[PDB]
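Q: Once you've had a glance at the structure underneath, I'll fire off some questions.
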Amino acid sequence: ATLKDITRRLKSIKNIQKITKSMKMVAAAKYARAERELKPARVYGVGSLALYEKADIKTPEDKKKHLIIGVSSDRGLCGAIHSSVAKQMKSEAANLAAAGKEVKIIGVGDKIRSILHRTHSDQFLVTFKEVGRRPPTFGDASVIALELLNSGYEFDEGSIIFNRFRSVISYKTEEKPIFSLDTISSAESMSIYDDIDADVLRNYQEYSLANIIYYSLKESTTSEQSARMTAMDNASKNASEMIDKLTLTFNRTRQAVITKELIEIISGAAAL
Amino acid sequence: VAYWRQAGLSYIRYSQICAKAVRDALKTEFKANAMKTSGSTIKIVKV
Amino acid sequence: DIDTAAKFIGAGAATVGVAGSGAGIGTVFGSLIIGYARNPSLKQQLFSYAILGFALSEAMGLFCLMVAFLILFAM
Amino acid sequence: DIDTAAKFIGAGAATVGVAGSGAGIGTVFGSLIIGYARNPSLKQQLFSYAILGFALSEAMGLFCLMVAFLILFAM
Amino acid sequence: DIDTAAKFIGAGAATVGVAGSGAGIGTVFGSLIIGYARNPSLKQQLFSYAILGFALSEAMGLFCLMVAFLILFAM
Amino acid sequence: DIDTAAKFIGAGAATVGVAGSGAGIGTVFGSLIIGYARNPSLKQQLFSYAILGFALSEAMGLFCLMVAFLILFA
Amino acid sequence: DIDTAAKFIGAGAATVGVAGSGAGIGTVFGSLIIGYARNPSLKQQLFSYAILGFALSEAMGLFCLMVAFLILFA
Amino acid sequence: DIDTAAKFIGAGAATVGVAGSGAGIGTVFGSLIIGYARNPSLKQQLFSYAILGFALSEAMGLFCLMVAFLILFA
Amino acid sequence: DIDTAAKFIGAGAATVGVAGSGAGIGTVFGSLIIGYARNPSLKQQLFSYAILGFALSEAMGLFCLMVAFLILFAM
Amino acid sequence: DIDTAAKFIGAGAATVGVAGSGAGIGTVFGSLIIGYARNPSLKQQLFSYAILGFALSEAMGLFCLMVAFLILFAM
Amino acid sequence: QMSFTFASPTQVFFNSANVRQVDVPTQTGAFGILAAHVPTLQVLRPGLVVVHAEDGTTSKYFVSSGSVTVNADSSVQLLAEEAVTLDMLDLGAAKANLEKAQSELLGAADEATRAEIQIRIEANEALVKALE
């Protein structure tokens, strides 16, 4: 290729390498924050699920109005993470219909809405954005729970889908169930719990919903930051490799151009 | 049933208000960091 | 005659059996307060049951007030 | 006659036993209100049990009146 | 004479019918305390119910007061 | 007769002991209503206990009534 | 004086109505104890209501006491 | 004799003391039902307490009955 | 000499009013037990109210016995 | 001799004062059952309070029995 | 014995700990929890949690709201959205806020606004009682 063309390509690709390195370091810092911010929130959330594992709260197959929540940010450079939950959603979001059960959908994050739009635009009842631009906070989960309750879709069996942060190297797409008051007040595993009305359970569920959503927010944010670290580092390595290759090509073209200039100079000198 | 369930609220609004009170009753130097990690950055897009 | 004395004493004793109903009504209207405070929404049905219980207790307290009157006036 | 004066005393003191029946019915229909307020879903079974208890308390109330009259009229 | 003597005895036995009213007011104003302790955001309605129940028990104690005064002055 | 006119007093005084049984059956059935409204999935044990308590209260009331009748007819 | 003996028996029978007041005060203060163990923040108003209930249930027994006295002295 | 008339009167009017046993057994067996409904895991200690309570209430019931029969045979 | 056989009746009837205090003490101490079991850390104030209620019901019990002792030994 | 009659009648009518103690013991040992169903780890203190209350109720039960015995022959 | 887990979204005070007693304020009514308490699922109200650890020790935290869950196996989970140790609270500012809420309750246009103001008043009353 022309010397100037590869020159411009080299400059642009070097700029890409520098910007990716900067953003990789930024994402590393944000992960360092998220891991600490998640050490206590993991205890809190895992506590908020103690009831539904010490009590055999089964799924009452009769009930059909289901609900699916998928968590993810709106930022995109992270990549893999979104492609995970989206897929996980679709699968389950399909099988529920394969039983005559309805399915609504809440999308936490732009990317989920974007990915699922084409084939599920009819099912989104509410959607949320500006997640991931800041570290998620319990106020965010309270707002999501308020919008899940106010909007009068009394789901009978829900599911939240997130990328539990397994470790720096990898995550894992998990799905925590969600029970409505009906499945709780009519479970013969909860005849022991004392001094509970049918209104105490209402408040308890309207709180545990926020608990689980906040748990998912924290897990998803940590896993997303780790995946962003890895992806940005991989892109930096790719840019470095391609810079090496194109710089070698540039050296070859530079030598060729110098040789052409020399031969033209000597030919002109003889012909002068 | 409480007076805020007759009025038509939910335990989430109740607990939001109670937490906001407990927070803006804090000693000033704590309140700075308490306000952080207690916001609400979400905005809702209506379908 | 002792007969008038017997009438007076018998009526007096028979009017001691109204205390049971006098306490049963209080029990009913205490439980009403407790239930209403514990779930105010279904207040109208709380009255339904409270009035039913009041009627059914006052009735069987007057079951003995009538015996008092009967002894006092007739035989 | 003394008996024409003692039968009245016996009846006016025996009828005092319906007080316990009145208190028992009061308690039954107070517990009905409370239990319903707690768990309004079982209204029907709650009422069934309440009416059962009502019957079994006024049973003793009516035994006390039975003795009162038997002393007053029969023997 | 035993006429006025039996009058005094019968009046003194009938006046005991306010034992029931005393116990009933105790139960009513205790359940008021409990119900208010559970949900003090409906105090006015609770006090209304308490006054209602207290009146309905004092009335059927006033019944035995009526019989006592009747035997005391009239016959 | 003084004795036949005191047997009546004895019986009509010893029969007012059934107020206890009346109240103690009211309380047992009120407690059954409460304890079944709380834990409906039992029922079978609660009614067993309630019938047992009723049986004992009935036994006390009938003991009073039999003392009344063994004062009258004896 | 058969009327004196009748007055004595009348006071003895009419002073039994203090039992109702005793049981009533017992119930009122038991309710106060429970309702205070359930909400210590409302101590003042709980005590006010308990005092009101005591006043009334004790009045319903002081009525019997005054009746017994006036029988003994009228 | 009038002493026998008084025997019948007194030993009948002493049998009313089984009314307390009726009411107390009702209360014990209602509290047992409520407690067992609340915490069905303690079914064995709630009952070991209920039988103790019933025996205690029969204590007073029998005291009253025994005094009545003692007066009949004093 | 009838009065020597009427003081006894009056006192043996006046003693009947200690049953109310016997019931009241049981109620107050049962309520103390329940309130304690629910909130074990308020033991002190709970016991203070318990002894207050015990005093205020045995007040009535001792008033009944005082009337009883007035009848026999002091007319 | 009606002072071999009023003695018996007063004794029999004073032993009735044990009914209240029976009811009090019933309430105390019902409250113990409920409270222990709530906190099983307080049994040793709930039972302390229950014994205190039962002693305080049999106290007045025995007050009535001792009045009855004092009247009967020890008068 | 008991196994306690007291947590907040930010921090964790006790984590599978082992205390002797926990007094919690709940909507139905304040109560204390010991080893084998009966299971319950209450939801808190602005109040004062008091933890007695296995020793004679005793510590206090003001909890704004949340949920207490006594489980069958003596596992207590107490989650609060904003649990603060009792020192970090400014009593003067709490008094001022209580006064402001009391004043504003009168202008209760919509029922929801009235309930919101009343909830604020209740929370500040709990603060004032705890701090005095």
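Following the order of the structure tokens, first chain is A, next is B, and so on, with residues numbered from 1 inside each chain and ligands from 1 in the order they appear.
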Please return, as a ChimeraX atom specification, all residues of region 8-192 of chain A that DSSP assigns to alpha helix (DSSP H) on the basis of the backbone.
A: /A:8-47,51-54,80-97,110-120,138-150,181-185
Q: Fit chain D to chain E: least squares, all C-alpha atoms, paired in order; write the output as a short mmCIF file (atom, residue, chain, number, x, y, z; two decimals) with N, CA and C atoms, in the first residue's frame.
A:
data_model
loop_
_atom_site.label_atom_id
_atom_site.label_comp_id
_atom_site.auth_asym_id
_atom_site.auth_seq_id
_atom_site.Cartn_x
_atom_site.Cartn_y
_atom_site.Cartn_z
N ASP D 1 -92.55 -7.24 110.04
CA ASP D 1 -93.18 -8.14 109.04
C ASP D 1 -92.11 -8.94 108.33
N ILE D 2 -92.45 -10.15 107.89
CA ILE D 2 -91.46 -10.97 107.20
C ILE D 2 -91.05 -10.32 105.89
N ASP D 3 -92.01 -9.81 105.12
CA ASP D 3 -91.66 -9.09 103.90
C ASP D 3 -90.79 -7.89 104.21
N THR D 4 -91.08 -7.20 105.31
CA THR D 4 -90.24 -6.11 105.77
C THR D 4 -88.86 -6.64 106.14
N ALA D 5 -88.68 -7.96 106.05
CA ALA D 5 -87.38 -8.59 106.19
C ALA D 5 -86.93 -9.35 104.95
N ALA D 6 -87.84 -9.67 104.03
CA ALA D 6 -87.47 -10.41 102.83
C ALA D 6 -87.15 -9.50 101.65
N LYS D 7 -87.71 -8.29 101.62
CA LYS D 7 -87.37 -7.37 100.55
C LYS D 7 -85.90 -6.98 100.61
N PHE D 8 -85.38 -6.78 101.82
CA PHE D 8 -83.96 -6.47 101.96
C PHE D 8 -83.10 -7.61 101.44
N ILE D 9 -83.49 -8.85 101.73
CA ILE D 9 -82.73 -10.01 101.26
C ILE D 9 -82.77 -10.07 99.74
N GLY D 10 -83.96 -9.89 99.17
CA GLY D 10 -84.09 -9.92 97.73
C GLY D 10 -83.23 -8.88 97.06
N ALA D 11 -83.23 -7.65 97.59
CA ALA D 11 -82.44 -6.59 96.98
C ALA D 11 -80.95 -6.84 97.16
N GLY D 12 -80.53 -7.23 98.36
CA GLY D 12 -79.12 -7.47 98.61
C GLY D 12 -78.56 -8.67 97.87
N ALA D 13 -79.42 -9.55 97.38
CA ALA D 13 -78.96 -10.62 96.51
C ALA D 13 -79.12 -10.31 95.03
N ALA D 14 -80.08 -9.45 94.66
CA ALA D 14 -80.24 -9.08 93.26
C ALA D 14 -79.19 -8.09 92.81
N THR D 15 -78.75 -7.20 93.70
CA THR D 15 -77.74 -6.23 93.31
C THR D 15 -76.40 -6.88 93.00
N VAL D 16 -76.22 -8.15 93.38
CA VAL D 16 -74.97 -8.85 93.10
C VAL D 16 -74.75 -9.05 91.62
N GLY D 17 -75.72 -8.69 90.78
CA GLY D 17 -75.57 -8.84 89.35
C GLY D 17 -74.79 -7.75 88.65
N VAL D 18 -74.37 -6.70 89.36
CA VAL D 18 -73.52 -5.69 88.74
C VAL D 18 -72.07 -6.13 88.70
N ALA D 19 -71.73 -7.25 89.33
CA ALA D 19 -70.38 -7.77 89.23
C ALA D 19 -70.03 -8.09 87.78
N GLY D 20 -70.95 -8.74 87.07
CA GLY D 20 -70.69 -9.05 85.68
C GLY D 20 -70.49 -7.80 84.84
N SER D 21 -71.26 -6.76 85.12
CA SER D 21 -71.08 -5.50 84.40
C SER D 21 -69.71 -4.91 84.68
N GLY D 22 -69.26 -4.96 85.93
CA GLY D 22 -67.93 -4.47 86.24
C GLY D 22 -66.85 -5.22 85.49
N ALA D 23 -66.97 -6.55 85.45
CA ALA D 23 -65.99 -7.34 84.72
C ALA D 23 -66.02 -7.03 83.23
N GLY D 24 -67.21 -6.85 82.67
CA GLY D 24 -67.31 -6.54 81.26
C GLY D 24 -66.70 -5.20 80.90
N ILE D 25 -66.92 -4.18 81.73
CA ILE D 25 -66.30 -2.89 81.47
C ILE D 25 -64.79 -2.99 81.60
N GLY D 26 -64.31 -3.74 82.59
CA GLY D 26 -62.88 -3.97 82.68
C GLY D 26 -62.32 -4.57 81.41
N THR D 27 -62.99 -5.59 80.88
CA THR D 27 -62.51 -6.23 79.66
C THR D 27 -62.54 -5.28 78.48
N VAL D 28 -63.59 -4.46 78.38
CA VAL D 28 -63.69 -3.53 77.26
C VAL D 28 -62.52 -2.56 77.29
N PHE D 29 -62.23 -1.99 78.45
CA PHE D 29 -61.17 -1.00 78.51
C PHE D 29 -59.79 -1.62 78.66
N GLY D 30 -59.69 -2.94 78.78
CA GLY D 30 -58.41 -3.60 78.60
C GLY D 30 -58.14 -3.85 77.14
N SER D 31 -59.17 -4.30 76.43
CA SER D 31 -59.05 -4.49 74.99
C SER D 31 -58.77 -3.18 74.28
N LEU D 32 -59.35 -2.08 74.75
CA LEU D 32 -59.06 -0.80 74.13
C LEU D 32 -57.57 -0.48 74.24
N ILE D 33 -57.00 -0.66 75.43
CA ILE D 33 -55.58 -0.38 75.60
C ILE D 33 -54.76 -1.25 74.67
N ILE D 34 -55.05 -2.55 74.64
CA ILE D 34 -54.24 -3.46 73.83
C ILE D 34 -54.35 -3.09 72.35
N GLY D 35 -55.58 -2.95 71.85
CA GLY D 35 -55.76 -2.66 70.44
C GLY D 35 -55.16 -1.34 70.03
N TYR D 36 -55.24 -0.33 70.90
CA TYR D 36 -54.59 0.93 70.61
C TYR D 36 -53.08 0.77 70.56
N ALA D 37 -52.50 0.05 71.52
CA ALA D 37 -51.06 -0.14 71.51
C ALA D 37 -50.62 -0.82 70.23
N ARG D 38 -51.42 -1.76 69.73
CA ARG D 38 -51.08 -2.40 68.46
C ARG D 38 -51.12 -1.40 67.31
N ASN D 39 -52.22 -0.67 67.17
CA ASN D 39 -52.50 0.16 66.00
C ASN D 39 -52.91 1.55 66.44
N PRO D 40 -51.95 2.40 66.80
CA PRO D 40 -52.29 3.74 67.31
C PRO D 40 -52.93 4.65 66.29
N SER D 41 -52.99 4.26 65.01
CA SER D 41 -53.54 5.13 63.99
C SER D 41 -55.05 5.26 64.09
N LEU D 42 -55.72 4.31 64.73
CA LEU D 42 -57.18 4.26 64.72
C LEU D 42 -57.79 4.70 66.04
N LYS D 43 -57.00 5.42 66.84
CA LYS D 43 -57.42 5.86 68.15
C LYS D 43 -58.89 6.23 68.28
N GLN D 44 -59.37 7.00 67.31
CA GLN D 44 -60.74 7.51 67.36
C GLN D 44 -61.77 6.41 67.24
N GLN D 45 -61.65 5.57 66.21
CA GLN D 45 -62.60 4.47 66.06
C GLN D 45 -62.48 3.48 67.21
N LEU D 46 -61.26 3.21 67.67
CA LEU D 46 -61.10 2.34 68.82
C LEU D 46 -61.87 2.88 70.02
N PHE D 47 -61.74 4.18 70.29
CA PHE D 47 -62.44 4.77 71.42
C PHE D 47 -63.95 4.73 71.21
N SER D 48 -64.40 4.96 69.98
CA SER D 48 -65.82 4.85 69.68
C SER D 48 -66.35 3.48 70.08
N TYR D 49 -65.68 2.42 69.63
CA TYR D 49 -66.14 1.08 69.96
C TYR D 49 -66.06 0.81 71.45
N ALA D 50 -65.01 1.30 72.10
CA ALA D 50 -64.88 1.08 73.53
C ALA D 50 -66.03 1.71 74.29
N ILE D 51 -66.41 2.93 73.93
CA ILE D 51 -67.47 3.61 74.66
C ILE D 51 -68.80 2.92 74.38
N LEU D 52 -68.98 2.42 73.15
CA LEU D 52 -70.18 1.64 72.86
C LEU D 52 -70.27 0.42 73.77
N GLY D 53 -69.18 -0.33 73.90
CA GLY D 53 -69.21 -1.51 74.75
C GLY D 53 -69.43 -1.16 76.20
N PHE D 54 -68.79 -0.09 76.67
CA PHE D 54 -69.03 0.39 78.02
C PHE D 54 -70.50 0.65 78.26
N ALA D 55 -71.16 1.34 77.33
CA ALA D 55 -72.58 1.61 77.50
C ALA D 55 -73.38 0.32 77.56
N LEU D 56 -73.07 -0.63 76.68
CA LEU D 56 -73.89 -1.84 76.62
C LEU D 56 -73.61 -2.80 77.78
N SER D 57 -72.51 -2.62 78.51
CA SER D 57 -72.30 -3.41 79.72
C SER D 57 -72.94 -2.76 80.94
N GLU D 58 -72.73 -1.46 81.13
CA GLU D 58 -73.42 -0.84 82.24
C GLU D 58 -74.93 -0.85 82.03
N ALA D 59 -75.41 -1.13 80.81
CA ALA D 59 -76.84 -1.38 80.65
C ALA D 59 -77.30 -2.52 81.55
N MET D 60 -76.65 -3.68 81.46
CA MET D 60 -77.01 -4.78 82.35
C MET D 60 -76.74 -4.45 83.81
N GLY D 61 -75.65 -3.75 84.09
CA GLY D 61 -75.43 -3.34 85.47
C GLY D 61 -76.62 -2.58 86.02
N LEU D 62 -77.15 -1.66 85.23
CA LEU D 62 -78.26 -0.84 85.68
C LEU D 62 -79.56 -1.62 85.70
N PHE D 63 -79.73 -2.63 84.84
CA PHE D 63 -80.89 -3.50 85.00
C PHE D 63 -80.85 -4.23 86.34
N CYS D 64 -79.68 -4.71 86.74
CA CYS D 64 -79.59 -5.39 88.02
C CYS D 64 -79.91 -4.44 89.17
N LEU D 65 -79.38 -3.22 89.13
CA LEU D 65 -79.77 -2.26 90.16
C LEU D 65 -81.25 -1.90 90.08
N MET D 66 -81.81 -1.86 88.88
CA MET D 66 -83.23 -1.57 88.74
C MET D 66 -84.06 -2.61 89.47
N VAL D 67 -83.75 -3.89 89.26
CA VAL D 67 -84.47 -4.94 89.97
C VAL D 67 -84.23 -4.83 91.47
N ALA D 68 -82.99 -4.56 91.88
CA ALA D 68 -82.71 -4.44 93.31
C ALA D 68 -83.62 -3.40 93.95
N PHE D 69 -83.72 -2.22 93.34
CA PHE D 69 -84.54 -1.17 93.93
C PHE D 69 -86.02 -1.51 93.82
N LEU D 70 -86.47 -1.95 92.65
CA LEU D 70 -87.87 -2.32 92.48
C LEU D 70 -88.31 -3.29 93.57
N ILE D 71 -87.47 -4.27 93.89
CA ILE D 71 -87.77 -5.16 95.00
C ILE D 71 -87.72 -4.39 96.31
N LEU D 72 -86.79 -3.45 96.43
CA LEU D 72 -86.62 -2.75 97.70
C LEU D 72 -87.73 -1.74 97.94
N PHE D 73 -88.14 -1.01 96.91
CA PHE D 73 -89.01 0.16 97.09
C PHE D 73 -90.36 0.02 96.42
N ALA D 74 -90.40 -0.32 95.14
CA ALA D 74 -91.65 -0.22 94.39
C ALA D 74 -92.59 -1.38 94.69
N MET D 75 -92.18 -2.60 94.38
CA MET D 75 -93.00 -3.77 94.66
C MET D 75 -92.11 -4.98 94.95
#
Q: Determine, using only C-alpha atoms, which residues of chain A have any atom at most 12 Å from an atom of chain D, and tabulate each with its shortest atom pair and distance in Å to one decimal place, rows ordered by chain and then rising number, as a Markdown table.
A:
| residue | atom | partner | partner_atom | distance |
| --- | --- | --- | --- | --- |
| A:185 | CA | D:39 | CA | 11.0 |
| A:186 | CA | D:41 | CA | 11.4 |
| A:195 | CA | D:38 | CA | 9.4 |
| A:196 | CA | D:38 | CA | 9.0 |
| A:197 | CA | D:38 | CA | 6.4 |
| A:198 | CA | D:39 | CA | 7.7 |
| A:199 | CA | D:38 | CA | 9.9 |
| A:200 | CA | D:38 | CA | 11.1 |
Q: Which polymer residues have any atom within 12 Å of an atom of residue 40 (chain G), counting only C-alpha atoms, with same-chain residues fewer than 2 positions away left out, as an MDAnalysis selection string?
A: (chainID E and resid 37:38) or (chainID G and resid 32:38 42:47) or (chainID I and resid 35 39 41:42 45:46) or (chainID K and resid 25 29:31 47:48 126 129:130)
Q: Leaving out region 101-116 of chain A and any residue of its chain fewer than 6 positions from it, which residues lie within 9 Å of it when counting only C-alpha atoms, given as a ChimeraX atom specification?
A: /A:63-76,82-83,85-86,90,93-95,122-132,144,148,153,155,217
Q: With C-alpha atoms kept, could you save the residues just selected as a CSV table (one decimal), in the first residue's frame?
A:
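That gives us part.csv:
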chain,number,residue,atom,x,y,z
A,63,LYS,CA,-50.3,-20.2,38.1
A,64,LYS,CA,-49.3,-18.9,34.7
A,65,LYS,CA,-48.7,-15.1,34.6
A,66,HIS,CA,-44.9,-15.3,34.9
A,67,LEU,CA,-42.3,-12.6,34.8
A,68,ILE,CA,-38.7,-12.4,33.8
A,69,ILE,CA,-36.1,-9.8,34.8
A,70,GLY,CA,-32.7,-9.6,33.1
A,71,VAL,CA,-30.0,-7.3,34.5
A,72,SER,CA,-27.2,-5.7,32.5
A,73,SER,CA,-25.8,-2.3,32.0
A,74,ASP,CA,-26.2,0.1,29.0
A,75,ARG,CA,-22.5,0.4,28.2
A,76,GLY,CA,-21.5,-1.9,25.4
A,82,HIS,CA,-24.9,-9.1,27.7
A,83,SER,CA,-24.8,-11.8,25.0
A,85,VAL,CA,-28.1,-13.1,29.8
A,86,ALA,CA,-30.0,-12.2,26.7
A,90,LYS,CA,-34.7,-16.0,25.3
A,93,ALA,CA,-38.6,-16.7,27.9
A,94,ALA,CA,-39.6,-19.2,25.2
A,95,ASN,CA,-40.1,-22.3,27.3
A,122,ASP,CA,-44.5,-6.7,22.8
A,123,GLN,CA,-43.5,-8.1,26.2
A,124,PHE,CA,-41.5,-5.3,27.8
A,125,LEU,CA,-43.7,-3.8,30.4
A,126,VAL,CA,-41.0,-1.4,31.8
A,127,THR,CA,-37.4,-0.9,31.1
A,128,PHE,CA,-34.6,0.9,33.0
A,129,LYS,CA,-31.5,2.7,31.8
A,130,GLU,CA,-28.5,4.6,33.2
A,131,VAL,CA,-27.3,1.5,35.0
A,132,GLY,CA,-23.6,0.9,35.1
A,144,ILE,CA,-37.1,-0.9,40.1
A,148,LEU,CA,-42.5,-3.5,39.2
A,153,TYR,CA,-49.0,-6.7,36.4
A,155,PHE,CA,-46.9,-11.6,38.3
A,217,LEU,CA,-27.4,-5.3,40.4
Q: Please produce, as CSV, a per-residue contact table for chain F versus chain D (criterion: any atom at most 9 Å away, only C-alpha atoms considered), showing the nearest atom pair and its distance in Å to one decimal, sorted by chain then residue number.
A:
residue,atom,partner,partner_atom,distance
F:1,CA,D:3,CA,7.1
F:2,CA,D:2,CA,7.1
F:4,CA,D:3,CA,7.4
F:5,CA,D:3,CA,4.9
F:6,CA,D:6,CA,7.1
F:7,CA,D:10,CA,8.8
F:8,CA,D:10,CA,5.4
F:9,CA,D:10,CA,4.5
F:10,CA,D:10,CA,7.5
F:11,CA,D:10,CA,7.0
F:12,CA,D:14,CA,4.1
F:13,CA,D:14,CA,5.6
F:14,CA,D:14,CA,7.5
F:15,CA,D:14,CA,5.6
F:16,CA,D:17,CA,4.1
F:17,CA,D:17,CA,6.5
F:18,CA,D:17,CA,5.8
F:19,CA,D:20,CA,3.5
F:20,CA,D:20,CA,5.7
F:21,CA,D:20,CA,7.0
F:22,CA,D:21,CA,4.3
F:23,CA,D:24,CA,4.0
F:24,CA,D:24,CA,6.7
F:25,CA,D:57,CA,6.2
F:26,CA,D:24,CA,3.6
F:27,CA,D:27,CA,5.8
F:28,CA,D:28,CA,8.4
F:29,CA,D:53,CA,5.4
F:30,CA,D:28,CA,4.4
F:31,CA,D:31,CA,6.8
F:32,CA,D:49,CA,8.0
F:33,CA,D:46,CA,6.1
F:34,CA,D:35,CA,4.8
F:35,CA,D:35,CA,8.0
F:36,CA,D:35,CA,8.0
F:37,CA,D:35,CA,5.2
F:38,CA,D:39,CA,7.0
F:40,CA,D:42,CA,8.4
F:54,CA,D:56,CA,8.8
F:58,CA,D:60,CA,8.5
F:61,CA,D:60,CA,7.8
F:65,CA,D:64,CA,8.8
Q: In Å, rounded to a single decimal, give me how far CA of residue 43 (chain K) is from CA of residue 99 (chain K).
A: 26.8 Å
Q: CA of residue 39 (chain H) to CA of residue 193 (chain A): how many Å, to one decimal?
A: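 The value is 8.7 Å.
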Q: Neighbours of region 11-18 of chain B within 6 Å (only C-alpha atoms; same-chain residues fewer than 4 positions away dropped), as a list in words?
A: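 Within the cut-off, the hits are residues 203 of chain A; 64, 65 and 123 of chain K.
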Q: Record the distance separating CA of residue 50 (chain H) and CA of residue 38 (chain K), expressed in Å with one decimal.
A: 19.1 Å
Q: List the neighbours of residue 7 (chain B) out to 6 Å using only C-alpha atoms; skip same-chain residues closer than 3 positions along the sequence, and give me the result as a list in words.
A: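 Near neighbours after the sequence-gap exclusion: residues 4 of chain B; 111 and 112 of chain K.
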Q: Taking only C-alpha atoms into account, which residues of chain K are within 12 Å of chain J, as a PyMOL selection string?
A: chain K and resi 1-2+20-21+31-40+70+74
Q: Quick one: of F:41, F:67, F:73, F:48, who's nearest to chain A, counting only C-alpha atoms?
A: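 Among the listed residues, F:41 lies closest to chain A.
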